[PDB]
2 protein chains.
Amino acid sequence: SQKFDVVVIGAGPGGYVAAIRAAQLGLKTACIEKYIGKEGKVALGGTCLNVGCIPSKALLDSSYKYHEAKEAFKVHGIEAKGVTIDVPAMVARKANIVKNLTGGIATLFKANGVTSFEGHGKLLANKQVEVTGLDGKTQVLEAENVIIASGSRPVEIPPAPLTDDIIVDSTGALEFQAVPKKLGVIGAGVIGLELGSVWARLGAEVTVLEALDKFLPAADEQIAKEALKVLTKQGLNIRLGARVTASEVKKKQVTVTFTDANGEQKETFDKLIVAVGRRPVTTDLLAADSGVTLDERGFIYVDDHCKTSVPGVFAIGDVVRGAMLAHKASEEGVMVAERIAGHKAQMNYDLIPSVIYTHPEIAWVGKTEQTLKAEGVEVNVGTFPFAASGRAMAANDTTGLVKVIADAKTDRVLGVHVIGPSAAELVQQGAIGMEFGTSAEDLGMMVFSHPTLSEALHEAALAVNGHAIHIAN
Amino acid sequence: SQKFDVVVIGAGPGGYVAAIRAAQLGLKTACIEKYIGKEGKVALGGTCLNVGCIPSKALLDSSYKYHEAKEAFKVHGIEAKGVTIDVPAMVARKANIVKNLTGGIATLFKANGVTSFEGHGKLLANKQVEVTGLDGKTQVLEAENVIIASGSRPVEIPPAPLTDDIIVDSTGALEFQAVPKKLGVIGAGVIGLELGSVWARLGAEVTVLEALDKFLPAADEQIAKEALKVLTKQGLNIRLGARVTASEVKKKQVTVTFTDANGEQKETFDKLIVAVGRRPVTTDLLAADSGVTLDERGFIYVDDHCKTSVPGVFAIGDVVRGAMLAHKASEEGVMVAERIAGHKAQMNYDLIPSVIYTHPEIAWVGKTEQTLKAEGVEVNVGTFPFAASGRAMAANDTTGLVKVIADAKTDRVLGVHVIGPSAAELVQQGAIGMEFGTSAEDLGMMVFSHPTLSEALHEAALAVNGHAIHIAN
Ligand SMILES: Cc1cc2nc3c(=O)[nH]c(=O)nc-3n(C[C@H](O)[C@H](O)[C@H](O)COP(=O)(O)OP(=O)(O)OC[C@H]3O[C@@H](n4cnc5c(N)ncnc54)[C@H](O)[C@@H]3O)c2cc1C
Ligand SMILES: Cc1cc2nc3c(=O)[nH]c(=O)nc-3n(C[C@H](O)[C@H](O)[C@H](O)COP(=O)(O)OP(=O)(O)OC[C@H]3O[C@@H](n4cnc5c(N)ncnc54)[C@H](O)[C@@H]3O)c2cc1C
Ligand SMILES: NC(=O)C1=CN([C@@H]2O[C@H](COP(=O)(O)OP(=O)(O)OC[C@H]3O[C@@H](n4cnc5c(N)ncnc54)[C@H](O)[C@@H]3O)[C@@H](O)[C@H]2O)C=CC1
Ligand SMILES: NC(=O)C1=CN([C@@H]2O[C@H](COP(=O)(O)OP(=O)(O)OC[C@H]3O[C@@H](n4cnc5c(N)ncnc54)[C@H](O)[C@@H]3O)[C@@H](O)[C@H]2O)C=CC1
């Protein structure tokens, strides 16, 4: 009876980080994973490494370099005679990076002493974990603690079931072997905007159909308004308030029927991406007498420390409440492992940053202006546009702004929101300050290197209290 | 004859920021500047905006985009048939950026009520400032406070005097209208490396002659070693321990004689850049009875508040001690203006970041490993290479590392050093943490967005105490 201090089900950002940290803390750790990768063998890394964060960013980076060479080289004096993109080669570089990184997780497991099991894990009664191998044979592990990290999968919609290579979800959208001439996207969330951007940059004519009237409702309204304008200018035909009701595939095209403010509409595409959210994965995960309970939406019910209804059983990442993000999952894995080891590790769910990897990049941490207004919190706001940044001018990349929101009474920074170059790095600067309880004046008093994009955060913080140097307060 | 609360001599990063801040604080402020820019009008912004920070970064950004297109596009599937660079067009883009930014300072002066004088300012006795206009008219301003911000100029050396357009300093090197076939550079400091990189990327064969045996002695030794390796890969023939002894111009070429470990050498170039430091400018600045004194090296003598030997007379920026950097000058300008207004403002000279705008970028804040060893401070060091960064792999830019140095007894972060993508933004994250007295464990406990280059700083901080997740410890 193989006994472990910790058995982790799933090897995505939540599970594989939890497993490594547990091993670092001296806990005898096992990690169970079932996903078969491109080589026909089990591949670690979950959604983020295999069909998620890293593959998307690889294609975003390649497609942006092509786009800049095609549309933004002449101002530098650079003449490029006939620039082209080989989509199979672009996708192959992405696939090679995925291969390398997933293999790297297995190397980390070996270096840290994590025992890997290949197959489907199911929690039985009494913290026993049944592993069904690829050959259908089972093995039962005895666990002192179980960490459930089974992740999520794309939401499906009746009008647009996945079909051949014509209707795809995010996984298929990362595998096109040619630029789709006309590309439809259902959902103007982060996946729809990122993957729509990839293919628009390479020449696709993209329409994004979004059910809600409000664009990027979790973002600060000023940021979202600028994002909608800029992304529309880049060729993302974002249609808000569009209710998709049907589709039809014929002649290797897909016609989508939807209702908007002006009635019933139809639009035809060569490919259709369905990007309407993700849902937690619990299929065959829990024995009927396991004791673990689910909430109304199918997530595993946990407390603020990711502990389930069963002592010694925890659940982390996309399968539990909170932002469905990779750094959220990994930090929960660290917390759970450290608490199993006896440390009072806690998580601040208030300072988890968000990033949308469009270009311009969008990122934020903390609260939006509209949220604080709804809460009745009086605030001071400071903004600085990249159009006034010398570094951004040198970069030929002046779209966007930095926004800092501070409490009007205490001057404590309550949110930092950026659309523009290096948005994620500037928001991380703001997040570090907020971890220490920074005021806007604190940020203003620091020495920021010149010329850097970081100066825009410095100026925005000074603008909170009306004495930015480089804008007319 | 005309009375002001504050008279500022010079409109570079020190002076123009001091003037704006003084005006914001309600002080009747004048700013004197003599520099005529490219449009034939007085141009504010000093060295940094006109012939320094901003023009260099514009040419660095343009030349990098050309270089990437030539050498690093095919892996993405991008084929560029015959990429070329029009040097006049590249320089014209830079000139236009300079025009727009310098005009922007004048707009800020007008919006804040700063009175501009065109001409040369000279401090007389009793805080009177004589202004000799470019039109030869003289007038005396009666100042309650004077801020001297006269800046610096390139060091000159007898073996390599500036000559026509063949032997130039940094100003001339930003104005080449064609790529020199063979380019010589005296000095492997930040200017030599940055401007050498520009022209190497566009096809010049670049040789850098450095008198010292040690490369980038102010940088962390590990960072400097990596920098030398990558710059060698990029085509910079950096010759250490090379003492230039003579030069000769003939037939539109220059032959340089120098001594190295193997004796006397000669090398011929089409152009020669002399980049061997900068010296403070005090020419005709101080009347003999002004009361302001100079130190042995020609800098104006000031205390830690930038106050001279004369009450109410201050000196800031490159003309006084400390790092000759634009953000140092501007922060001193803010301090001095706030102190004139009655605030007990102070300057923190310990957390001024340094950036070298090569690609990969080099940046650091705080102390190097070798400095701390010389001081007898026991430290723990953590490093993380960008070769292990998923974000950097997606970007096709995996050279370099992040290094965090912490006190072994308190775990307080004492230095952060980066060579690689977004080095300056990552160092600014470290600097913000250090302003708040962060430990390495503090940084390790924060949530960093994934996938971002910032994660390399998070992992390096975790590595300090031996529990980075994504590299062996
Ligand atoms: C295109 C796309 C792009 C994204 N980009 C980003 C981004 O840029 N930044 C960000 O923060 N987030 C991003 N995300 C979200 C991110 O991928 C998820 O938040 C993250 O992967 C969640 O980690 P997890 O460990 O909870 O789940 P997962 O990554 O899904 O891993 C769950 C693992 O558990 C396995 N598994 C499930 N059930 C079992 C079982 N019974 N037995 C054995 N194994 C099982 C699965 O095979 C899987 O490997 C993106 C997602 C998508 C789809
Ligand atoms: C090629 C080059 C690249 C550089 N890149 C960077 C970088 O990337 N980052 C960074 O931080 N630093 C950089 N620097 C250094 C930076 O330019 C200086 O540190 C900064 O300009 C100093 O500001 P200052 O106000 O003290 O002096 P200055 O910028 O030199 O301004 C002094 C002003 O005073 C005027 N003046 C002088 N005497 C008088 C007088 N009697 N009366 C009226 N006017 C007078 C001058 O015309 C001048 O405009 C670079 C420098 C060079 C040469
Ligand atoms: N940069 C990052 O952090 C990334 C993280 N993710 C995360 O993965 C998860 C899934 O991403 P998304 O699919 O984009 O979910 P999402 O919630 O971000 O966006 C889904 C959008 O589709 C809309 N929607 C739902 N049903 C619809 C319907 N019939 N018709 C039209 N629109 C409909 C929704 O209003 C929403 O705007 C999210 O939690 C996301 O945060 C995914 C990609 C990148
Ligand atoms: N990214 C940034 O912050 C930049 C700031 N600057 C600042 O401008 C000032 C001057 O820049 P640099 O000219 O590069 O000075 P520097 O001090 O950075 O380097 C000058 C180098 O030339 C060497 N030297 C001196 N005499 C020599 C001789 N005969 N022969 C060969 N080498 C000799 C020195 O050892 C030194 O390495 C510096 O203070 C610099 O920080 C300038 C450019 C960019």
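The deposited coordinates derive from X-ray crystallography, with the record listing a resolution of 1.790 Å.

Chemist: I keep staring at the sheet that holds strand β23 (residues 413–419) of chain A and nothing clicks. Help me out?
Modeler: Paired through their backbone hydrogen bonds, the strands of a sheet run either parallel or antiparallel. All names here are of chain A. The antiparallel open sheet is built from 5 strands, whose spatial order is β19-β20-β23-β22-β21. Bordering the open sheet on either side are β19 (354–356) and β21 (379–385), each of which pairs with just one other strand. Ignoring strand direction, the axes of neighbouring strands in this sheet form an average angle of 10°. As judged from the 3 bridges shared by β19 and strand β20 (residues 362–366), these two strands associate in the antiparallel manner. Opposite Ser354, over in β20, you have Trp364 as the bridge partner.

Chemist: I would appreciate a short explanation of the site of ligand 3 in the present structure.
Modeler: Residues and elements named next belong to chain A. Taken together, the neighbourhood of ligand 3 is formed by 18 residues, with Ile191, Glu194, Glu210, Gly277 and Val355 sitting nearest. Note that an oxygen atom of ligand 3 is positioned 3.0 Å from one of the backbone N or O atoms of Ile191. At 3.3 Å, a backbone N or O of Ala211 approaches a nitrogen atom of ligand 3. Sort the elements by how many residues they give to the shell around ligand 3 and helix α6 (residues 190–201) lands first, with 3 residues. Its residues assigned to classes, the shell around ligand 3 comprises 12 nonpolar, 3 polar and 3 charged. Lining the shell around ligand 3 are residues from two domains, each supplying at least three of them: domain 1 (1–154 + 277–350) and domain 2 (155–276).

Chemist: What is the right way to read the side chain of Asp260 of chain A from this model?
Modeler: Residues and elements named next belong to chain A. Assignment of secondary structure puts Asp260 in strand β14 (residues 253–260). Classification of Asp260 by relative accessible area gives buried; the value is 12%. Engagement of the side chain of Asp260 in a polar contact is seen with the backbone nitrogen of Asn262, the distance being 2.9 Å.

Chemist: Where do I start with the site of ligand 2 in this structure?
Modeler: Around ligand 2 sit 39 residues in total, of which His450 of chain A together with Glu33, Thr47, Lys57 and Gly121 of chain B are the nearest. What surrounds ligand 2 is not a single chain but chains A and B. Within the backbone of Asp318 of chain B, an N or O atom sits 2.9 Å from an oxygen atom of ligand 2. Between ligand 2 and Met324 of chain B there is a distance of 3.2 Å, counted from an oxygen atom to a backbone nitrogen or oxygen. In the complex, the protein chains occlude 93% of the 1,000 Å² of accessible area that ligand 2 would expose alone. Broken down by secondary-structure element, the contributors of at least two residues to the shell around ligand 2 are α1 (13–24), β2 (29–33), α2 (46–51), α3 (53–71), β4 (115–123) and α8 (326–340) of chain B. With 4 residues, the single largest contributor to the shell around ligand 2 is α2 of chain B.

Chemist: Honestly, the state of the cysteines in this entry has me stumped. Any pointers?
Modeler: Such a bond, covalent and formed between the sulfur atoms of two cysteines, is termed a disulfide. Residues and elements named next belong to chain A. All told, the structure shown has 2 disulfides over all chains when counted by the stated rule. The residue that forms a disulfide with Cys48 is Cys53, at a sulfur-sulfur distance of 2.1 Å. Taking the torsion about the S-S bond as the criterion, the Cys48 to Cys53 disulfide, at about -120°, is left-handed. Not part of a disulfide, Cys306 finds its nearest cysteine sulfur in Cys31, a span of 16 Å. Judged by relative accessible area, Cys306 falls into the buried class, the value being 0%.

Chemist: Just checking my understanding: could you explain the interface of chain A and chain B for this structure?
Modeler: Reports often express the size of an interface as the amount of accessible area lost when the parts come together. Listed per partner, the contact involves 79 residues of chain A and 78 residues of chain B. Contributions of two or more residues to the side of chain A that touches chain B are made by α1 (13–24), α3 (53–71), β3 (78–85), α4 (87–112), α8 (326–340), α10 (390–394) and α11 (423–435) of chain A. Here the side of chain A that touches chain B takes 10 residues from α3 of chain A, the largest share from any one element. Considering only residue class, the side of chain A that touches chain B consists of 43 nonpolar, 22 polar and 14 charged. Two elements, β3 of chain A and strand β3 (residues 78–85) of chain B, share 7 bridges in a ladder whose sense is antiparallel. By the bridge assignment for β3 of chain B, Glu79 of chain A is matched with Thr84 of chain B.

Chemist: How do you make sense of the sheet that holds strand β13 (residues 243–250) of chain A when you look at a structure like this?
Modeler: Residues and elements named next belong to chain A. Spatial strand order, β13-β14-β15: 3 strands in an open sheet with antiparallel pairing. The open sheet is flanked by β13 and β15 (263–269), the only strands paired with a single partner. Pairs of neighbouring strands in the sheet enclose a mean axial angle of 20°, with direction left out of account. Pairing analysis gives 7 bridges linking β13 to β14, with the strands arranged antiparallel. Note on β14: the bridge partner recorded for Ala246 is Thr257.

Chemist: Honestly, the pairing of strand β9 (residues 182–186) of chain B in this entry has me stumped. Any pointers?
Modeler: Looking along a regular strand, one sees side chains alternate from face to face of the sheet. Residue and element names in this part refer to chain B. Summarising burial for β9: 4 of the 5 residues are buried, a large majority. When β9 meets strand β10 (residues 205–209), the two strands line up parallel, connected through 5 bridges. Bridge pairing links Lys182 to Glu205 in β10. Read from β9 through helix α6 (residues 190–201) to β10, the crossover connection turns out right-handed. One ladder, built from 4 bridges, connects β9 with strand β15 (residues 271–274); its direction is parallel. Bridge pairing in β15 links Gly184 to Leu272.

Chemist: Mind showing me how you'd approach the pattern of salt bridges here?
Modeler: A complete count under the given rule lists 36 salt bridges over all chains for this structure. Its salt-bridge partner being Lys403 of chain A, residue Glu369 of chain A comes within 2.7 Å of it at the nearest N-O pair. Pair noted here: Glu369 of chain A is in helix α9 (residues 369–374) and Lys403 of chain A is in strand β22 (residues 401–407), with a separation of 34 residues, a long-range link. The exposure class of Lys403 of chain A is buried, given its relative accessible area of 1%. A salt bridge links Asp220 of chain B to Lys403 of chain B; its shortest N-O distance comes to 3.0 Å. Residue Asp220 of chain B is located in the loop between β10 and α7 (221–233), and its partner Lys403 of chain B is located in strand β21 (residues 401–407); the two are separated by 183 residues in the primary sequence. Here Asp220 of chain B matches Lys403 of chain B in class, with each residue buried. Shared partners join several salt bridges into a network, and the residues in it are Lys38, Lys94 and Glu175 of chain A.

Chemist: Sorry if this is basic, but what is going on with the domain arrangement of chain A here?
Modeler: All names here are of chain A. When the domains of chain A are assigned, the result is domain 1 (1–154 + 277–350), domain 2 (155–276) and domain 3 (351–473). Taken together, the 18 residues of domain 2 in the interface contact 19 residues of domain 3. Buried area between domain 2 and domain 3, summed over both chains or domains, comes out near 1,400 Å², and the portion from carbon and sulfur atoms is 66%. Sorting the residues of domain 2 by area buried against domain 3 places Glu194, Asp220 and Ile223 first, and these three jointly supply 36% of that buried surface. Our enumeration of links across domain 2 and domain 3 arrives at 7 residue pairs in polar contact. Looking at the side of domain 2 that touches domain 3, the elements with two or more residues in it are α6 and α7 (221–233). Among the elements that make up the side of domain 2 that touches domain 3, the one with the highest residue count is α7 (7 residues).

Chemist: What is the right way to look at the packing of aromatic side chains in this model?
Modeler: Aromatic rings considered in pairs are described by the distance between their centres and by the relative angle of their planes. Counting across every chain of the model gives 5 aromatic pairs over all chains. Ring geometry for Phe4 of chain A against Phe117 of chain A: centres 5.9 Å apart, planes inclined by 85°, an arrangement best described as edge-to-face. Highlighted residues: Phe4 of chain A in strand β1 (residues 3–9) and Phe117 of chain A in strand β4 (residues 115–118), separated in sequence by 113 residues. Assigned by exposure class, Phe4 of chain A and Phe117 of chain A land together as buried. Ring geometry for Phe436 of chain A and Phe436 of chain B: centres 5.3 Å apart, planes at 0°, overall stacked. Note that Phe436 of chain A is positioned in the loop between α11 and α12 (440–444) and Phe436 of chain B in the loop between α11 (423–435) and α12 (440–444), a pairing that runs across two chains. Taking relative accessible area as the criterion, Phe436 of chain A reaches 27% and is therefore assigned partly exposed. The ring of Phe4 of chain A carries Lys28 of chain A above its face, with NZ or CZ at 5.1 Å from the centroid.

Chemist: Would you explain the packing of α3 of chain B against α6 of chain B in this entry?
Modeler: Packed helix pairs are specified by the crossing angle of their axes together with the interaxial distance, meaning the distance between the axes. Residues and elements named next belong to chain B. Contact pair α3 / α6: the axes reach a minimum separation of 9 Å and the direction vectors enclose 35°. Every pair of crossing elements has a handedness; the one defined by α3 and α6 is left-handed. Of α6, the residues touching α3 (which contributes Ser56, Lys57, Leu59, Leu60, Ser63, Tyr64, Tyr66 and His67) are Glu194, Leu195, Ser197, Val198 and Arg201. Residue classes in the contact of α3 with α6 are distributed as 6 nonpolar, 4 polar and 3 charged.

Chemist: How do you make sense of unusual backbone geometry when you look at a structure like this?
Modeler: Leaving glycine out, the prevailing phi sign among residues is negative, and the prevailing peptide bond configuration is trans. Residue and element names in this part refer to chain A. The peptide bond linking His359 to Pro360 adopts the cis configuration, its omega dihedral lying at 5°. Take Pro360: it is sitting in the loop between β19 and β20. Despite not being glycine, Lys127 shows a phi value in the positive range, around 60°. Mapping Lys127 onto the fold places it in the loop between β5 (120–123) and β6 (128–132). Of note, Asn396 is a non-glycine position whose phi angle comes to about 55°, a positive value. Inspection of the secondary structure puts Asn396 in the loop between α10 and β22.

Basis of the calculations
Residues numbered from 1 in each chain as written, not as in the entry; some residues may be left out. Chains lettered and ligands numbered in written order. Heavy atoms only, no water. Residues with missing side-chain atoms left out of burial classes, pairs and counts. Pairing = 2+ DSSP bridges. Helix = DSSP H or I, 4+ residues; strand = E, 2+ residues; numbered from the N terminus. Axes fitted to C-alpha atoms, helices over the stretch in contact; angles between N-to-C directions. Near = heavy atom within 4 Å. Polar contact = N/O pair within 3.5 Å; in protein donor to acceptor, adjacent residues only side chain to side chain. Nonpolar A, V, L, I, M, F, W, Y, C, P; charged D, E, K, R; others polar. Domains from an automatic or database assignment. Buried < 20%, exposed > 50% of the residue type's maximum accessible area, 1.4 Å probe, protein only. Areas by Shrake-Rupley, 256 points an atom, 1.4 Å probe, with all protein chains shown as cover. Disulfide = S-S within 2.5 Å. Contact = heavy atoms within 4.5 Å. Right-handed = clockwise from strand over helix to strand, strands pointing away. Salt bridge = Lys/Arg side-chain N within 4 Å of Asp/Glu carboxyl O. Buried area = accessible area lost by both parts, 1.4 Å probe. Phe/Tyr/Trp six-rings, centres within 6.5 Å; stacked < 30°, edge-to-face > 60°. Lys NZ or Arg CZ within 6 Å of the ring centre and 35° of its normal. Left-handed = near helix turned anticlockwise from the far one by under 90°.

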